[PDB]
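Engineer: Chains as they are written, first to last, in the UniProt record's numbering: chain A, 2 to 234; chain B, 2 to 205; chain C, 4 to 241; chain D, 60 to 260; chain E, 44 to 263; chain F, 2 to 240; chain G, 9 to 241; chain H, 2 to 249; chain I, 1 to 196.
1) If distances are taken between C-alpha atoms only, which option among 150/I, 131/I, 196/I comes closest to residue 142/I?
2) Between the C-alpha atoms of residue 193/G and residue 126/G, what's the straight-line distance to the nearest angstrom?
3) So the candidates are 80/B, 157/B, 178/B, 177/B; which of them puts its Cα closest to the Cα of residue 135/B?
4) Is there at least one Cβ from chain G nearer than 8 Å to residue 176/F's Cβ?
5) At a cut of 8 Å, does the region 108 to 118 of chain A reach the region 4 to 19 of chain A through at least three beta carbon pairs?
6) Quick check: what's the CA-CA separation for residue 55/B versus residue 4/B?
7) Any beta-carbon of chain G closer than 8 Å to the one on residue 1/C?
8) Using a Cβ cut-off of 8 Å, pull out every chain A residue sitting near residue 3/F, in sequence order please.
9) Can you say whether residue 58/A is buried or exposed, counting buried as having 16 or more other CB atoms within 10 angstroms of its CB?
10) Is the CB-CB distance between residue 171/H and residue 215/H below 8 Å?
11) Cutting at 6 Å between CB atoms, please list the residues of its own chain near residue 197/G, excluding the five before and the five after it.
12) Any beta-carbon of chain B closer than 8 Å to the one on residue 92/I?
13) May I ask you to report which of helix, strand or coil DSSP gives residue 81/D?
14) Name the chain B residues that come within less than 8 Å of residue 202/I, Cβ to Cβ?
15) Can you determine whether any heavy atom of the ligand SAH sits closer than 7 Å to the C-beta of residue 170/G, and answer yes or no?
16) Using beta carbons (cut-off 8 Å, strictly below), is residue 99/H in contact with chain B?
17) Leaving out five residues on either side along the sequence, give the residues of the same chain with a beta carbon under 7 Å from the beta carbon of residue 147/E.
18) Going along chain F in order, which residues have a C-beta closer than 8 Å to the C-beta of residue 124/H?
19) Would you list, in chain order, the members of the region 87 to 114 of chain A that have their beta-carbon closer than 9 Å to a beta-carbon of chain B?
20) At a CB distance below 9 Å, what residues from the region 45 to 59 of chain F approach chain H? Give them in sequence order.
21) Quick one: which residues of the region 31 to 47 of chain G get their C-beta closer than 8 Å to a C-beta of chain F? List them in chain order.
22) Between the region 131 to 138 of chain H and the region 24 to 39 of chain F, are three or more C-beta pairs nearer than 8 Å?
23) With a threshold of 8 Å between beta-carbons, can residue 49/H be considered close to chain J, or not?
24) For the region 111 to 131 of chain D, which residues have a CB atom closer than 9 Å to at least one CB atom of chain G, in sequence order?
In structure tokens form, the structure reads like this:
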């Protein structure tokens, strides 16, 4: 038989900072690098997918996960915590579709997912998520890119970096980003900014990349990755 | 009949780039007329209207609870509601009360924002939406309204021609119904203007 | 020091301190003696008073027609446990129309007292009881403790300075079985007299006796009802 | 069953019969229909025997706690409202009662009519029961606000008597109560057969 | 309402009418009765119109949630069990008669689901008001392992039989052909009935209606 | 649900959680109330209004019923909860009992509410004291006060908040039958009591009067300055 | 920090033992049982002369035949007395009779150790009642007096004193009380012991007195009725 | 269980609340947010903290939230906890509109959320919301209004107030230039820029770093709008030239 | 059976109700008041079931008075009419519904005089004149004939008298006394009872 705690584990420090969220932001910082770029024509999400032992089956578990026909997710930090956030995002997208009969807007999904992330920073006997989320989507003739951090806040981005050396990524992205980029050119800079902190030569099994446009969100096949990966397309 | 207790009739019609919605104004219990000026058509967003016919309580209750969900939708999302979105919102609201429904048959009429396209639909008491390109009717004199609309309606009609069509389709159908009458109010919805007319009808 | 706060916390030795701390509550309360023969079960209890101007505490409680108890320790935990014992006896008589056997009831106490000793925030019942009862198997003397473990005994005494009573019952244990009702009560109070110091002894104001068996139902004797049992005593040894 | 109560200059008169019937057969003719709620409040039994007995006793319980907490006597308006609120929770379930709460209040003589349906109205004169229609007739003909104490007894005693003469469910003995400022008093418990000889001679 | 389904060599052909009635009066002349469940399974509907829509949408929502978690195409038996266990739980109060049909990795599977919760696996099934007329066509002309165009002709004749004979059915014939590689959703397959165009125009002239009060509100 | 015990006993036999709430009421603004012959008047001082703040919203005097009003001290967020719960009880009493609420009954309800929050699981005691003021149905003036513990007492004159002991000692040697004889003289006793602790009296004092038949009257700063000027003139007469 | 139901190495609960320490801070109360009736005396302890003396009532009636004196935390007592008043009316409603003094005291003693954190109702107690009660009334067995404490151990008393100076008052009651004294002597004796232990001198507005007798109901001594026994200083 | 408990809803030996005062420190680290009341309208001015070259900018505002047809609010503190409170304010305002068929009065909506924030500080054993809100609106009872909320659940009506970083220095600066009873919206905006320019960390002041929203009743209905980038720059240069004119 | 009538003027509201509380075949009370004081300018005319009348009208009455104390200002006649409708509509499909046909009358400081008609099913409707009961069937026709939007209060009582005399002539139920009250800018005013 079990009971369940009713008291919050995340509390305010004498300085005025929520200590558990501060350390949750440190968990994502030590995770695998992930980048997202909006290019007006479409959104591109790329992440480091290092299997390390080669005995691992690469195609079995994916880091880039689809939520609906036009929305996808990429993360940095802990795997198990992200997987729960995928299922919750997938469920919230379906609940919206049953009521309004319209595909969920990207900004509207993020607001609902961030509310769940806020809940775990205030509810009894639970720790915050150690995951920062990258949400991409296409609606109203416009591409979207959002960031959802452990606290429950959300930011709209043109281009952003996560995981290890994210500060080095963000400084590299602002030099590399342009207005009115092409979707196929956006994949080039996304796979290049990930190579800034990688060290062990990139193969089509080493990274995972997903694109989102007017046709919808889909994960790129290893054959499509191999074409882009050999320095040039 | 539960629907025939308060009476009422609601009609919607399609034109070229305009939508018209008409309803009777009688509020009465069974046989006794009570109020001449009763609202049945409710504004939903400058260019979208809903007409409710059936039980007078459920007409007012649904309109208030739909406005409750409408404003929250327009605050969470930085956009005005779509006609297809509202249709599904009414369908969801009515189906929540499946084994104890609101005795009212909603009719939505209005233009689609940003895309200027006309839209009309009618729903069941439990919330079953159906879309048409011509007309949708609800009320006690449903059969009377069908006979007029099937003969008068034309494919492409201008705001002035659509007004004359929906007015005559209501007046003659209402005059054959005992529980409906005491004036007919018509809302003609255009991209530039909303024209509201109260027609000269029989007061018996 | 760091393990003696909750019942859920185990000691490195393999003990629960809170249960052992609850056992000390029974030692704080005044002594009571319980013994049986072949036809009767007698409870003799010593009463304590906060002051000479105040009356003495109730030490023997009535549970059923055939079952009676004598409590030692916390008073509120005694009455709470007694209400459970009263209800279970009433439930069996309501359903089966027969007196509930003592062996069954004591097992139900060992089931209820076990629950709080394993759950967080809950505490053990800080009261020790001597249960006297008569059924189809004859007279019974049972001992229940703060720990759910119960004892089936020939004669037992629990409370403050109960060691002196415990030694006397051991030396005369073989005599109880063939002992009659009158003398069997005298054996109970004689053990209770040994717990008290050399100067003070038994009186009509501080002695309660509960008798149950084949002949009569459970009856509690108080002040003037206890006088026939006290008259004809052996007197205190030096 | 015939219960009547009216208020005048000197106080409130409570009058009731004692016949209880189980269909056509009469169960008892010694029923104390004037329910003694408090030493300062009185009630009447009409309709259901147990329904009037239980709920007014629950009121009698509730009024005593009010005196212990607030250090003051409960008002007739509060006693009527408490009973009206409790029975209202069981509306349309099967309860049947027609009680009248009488007593002297801070405002003066108080009279209230409480139903199982949920009625609560204050007035000068009321009559509840199967033979209440006959009780209203004779009572209204000889009623005055400036009636004497002895004259008020003769009106109510005969009003029950005339009702028992017509109504088959009414009979037994006419019980009478007077409600004064210090408290109510038991007036008379005259038999209907004994009163028959009084009005004939 | 006339809905039907058949199993041929390559896949499944599903059929439906377009008449939706309120009592004994036609409310909708063109109504979709073939419903989307998954990119490989479609389901025809009969009985209560509102109950058919909401039950379909919930199963389609659950299977999309199911297919994304598994990472592969959903099965017809999964669609069947979800509809079977839900309708049984409500003891037939949800009046939804559904003809389920789709193509899996196992093959083509056809089901007929009743509002009470009973399911039947058959090569050909008919439900609705004009099901009696539609079944008679199948019981006369159906043959195992038939061609795609031959199966399309078989269902269209079955729906038409329910259209002309049964008063509950009418208007257009809708078809849905699902195979191993191809999915054809023919919305207007056959239009056997049409309105005899009005030769006498009853167009109301501009200013024939008397107006008491007028108010114009400008918009942006 | 939160089941942790907040208020617990201590080695010395003290309830710290109740006592810390009694430290919260001491830190609050000064609130005084005196009982007269025909009118009962309460007043609050040391509000610390920055002048750029609206004075209507930050009022410590709140009317519970048509005959009952109260003034508080301490945690102002905790008070509003109690005031609103007291207002509901005033209408709940009217639904059950035809007669209106007496001054003692509503004080008994507030005291019992504060008592339950000192003994229930997961609940924190209220850090406020309330000066309940009103008239009975008989027409007898009443003055009551409560505390975080849950005890209530009737007073002739009482002060709560910061420097409450200083105001109380001033009223112990000034409250006489001669001082509370007329309506105008009772109000002067309130202002004289507040000026003992408050910094330069004038715009810091907020008081409300109520008559035997008339509802609560909140006096404007223009009326307070009229009484303050009369106090200094009587103070000038001696020296 | 420990739980509310924690046993000491000595063999008793801390919260119960600390509740007894809370009574030693409250006002003293003396009750004496006599064949002619039971009397109850208590000091009101007025802090400021501005406070109304009639407001402080430490002696309250449960029924027409039972009165009780309270000491310690006055706020906690008002909850216990209210429970005692309901129990007597619940017994009257069911059995059409008045409860014995022992039965009423036992009913209040049931609510003694009804406190805890886990496995309890949302509206359950967290701490024991720090109140010593002296139930004094007349029933079928005659005039009786009972003493109750936070532990729930209720016992009959001939003469009992509880409060701040309870230990000093108890020794004084032992030298005066006997079995054949009168009620007038019991009232006289209680005042002499009370004026010795009080900080301030004995006055009619300073103290509270009440008597229960077989002849007539529970009576509270008014300011004028006290003067007859106060004059015998 | 009690060993890991931090005791959020508990009293301090001094007679205060720790978790509330610690939450109050979190507001002082957040962006500067001020609002002042005028005769013809009422406005809010906030310092945007989300300033980056790669920021997308999708929403109408960063910290200004719309709650009612006649009411709007601003946020200072944790943006995460703010999204819960602002959503609750929208629900309460719609519950009132459903029940009474009238727009909720300004004071009534503020008190409603303050009761919730007070509840978290007294019971539940959970952390309080570290958000201080500024409310602006219009009702048929008092007209244009301005309110301030605290994590403790305490509110107050103001003519001119500020909350966030450098709030103590800003409130004294507002105390200097504000003229009670004779303030217009034109001079209100000029005062708002004056305070923000001196109290902010980075000097010069750009329109991309600040956010201003205005509330004015026009033609029988309340109009709520957020000022354009070009409209703010116009207000800055009017102040920038005024400060340069001081050296004369 | 119970009867109600309300007439609205340019700056006033006139309301009247019978003082008969009847059971089976007998008139128990002669001076029964069916008007409930909601605010200083709002009255409620409650008619319907035996227990539902007193219980519902007082519940709304105390809740309106609760709004007054919590805010300082009173509810508008429009807001009070929508509040009493909400409570009846929510209880309609519940286990315990209130079968009460009420009439709300109030004066607003900005909008002016107002009269509201409400069914037991909870259907609110704004009307210049309205009536409840079986007596409404005989009086509404007279109210349709002689009513003018600009009617004086001395003519309104005269119009009310014409309707009450119809109840003495044609209506089968005996209704001798009627309570007359006027609501204007000063508040609620009690007028002489029209008796027959």
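Backbone N, C-alpha and C define an ideal beta-carbon position, used for all residues, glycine too.
Structural biologist: Straight from the coordinates:
1) The shortest C-alpha separation from residue 142/I is found at 131/I.
2) Taken atom to atom, the span from the alpha-carbon of residue 193/G to that of residue 126/G is near 52 Å.
3) The candidate whose alpha carbon is nearest that of residue 135/B is 157/B.
4) At least one chain G Cβ lies under 8 Å of residue 176/F.
5) Segments in contact, no.
6) Those two C-alpha atoms are separated by around 5 Å.
7) Here chain C has residues from 4 to 241 only, and residue 1/C is not among them.
8) Per Cβ cutoff of 8 Å: 7, 8, 125.
9) Result: exposed.
10) Contact flag unset, no.
11) Around residue 197/G, the same chain offers 184 as residues with beta carbons nearer than 6 Å, after the five sequence neighbours per side are excluded.
12) Judged by the 8 Å Cβ criterion, residue 92/I is in contact with chain B.
13) In this structure, residue 81/D counts as strand in the three-state DSSP scheme.
14) Residue coverage of chain I in this structure runs from 1 to 196, which leaves residue 202/I outside it and unanswerable.
15) The ligand content of the structure shown is nil, which means the ligand SAH is not present either.
16) So yes, residue 99/H belongs to the interface.
17) Excluding residues within five positions, the ones whose Cβ falls inside 7 Å are 118, 119.
18) Within chain F, the residues near residue 124/H are 3, 123, 124, 125.
19) Taking 9 Å as the Cβ-Cβ cut-off against chain B, the residues of the region 87 to 114 of chain A that qualify are 99, 100, 101, 102, 103, 106, 108, 109, 112.
20) Result list: 51, 52, 53, 54, 55, 56, 57, 58, 59.
21) For chain F, the residues of the region 31 to 47 of chain G that bring a beta carbon within less than 8 Å of one of its beta carbons are 31, 32, 33, in chain order.
22) In short, these stretches do not touch, since the Cβ pair count stays below three.
23) Given the protein chain composition of this structure (A, B, C, D, E, F, G, H and I), no chain J is represented.
24) Correct list: 116, 117, 119, 120, 121, 123, 124, 127, 128.
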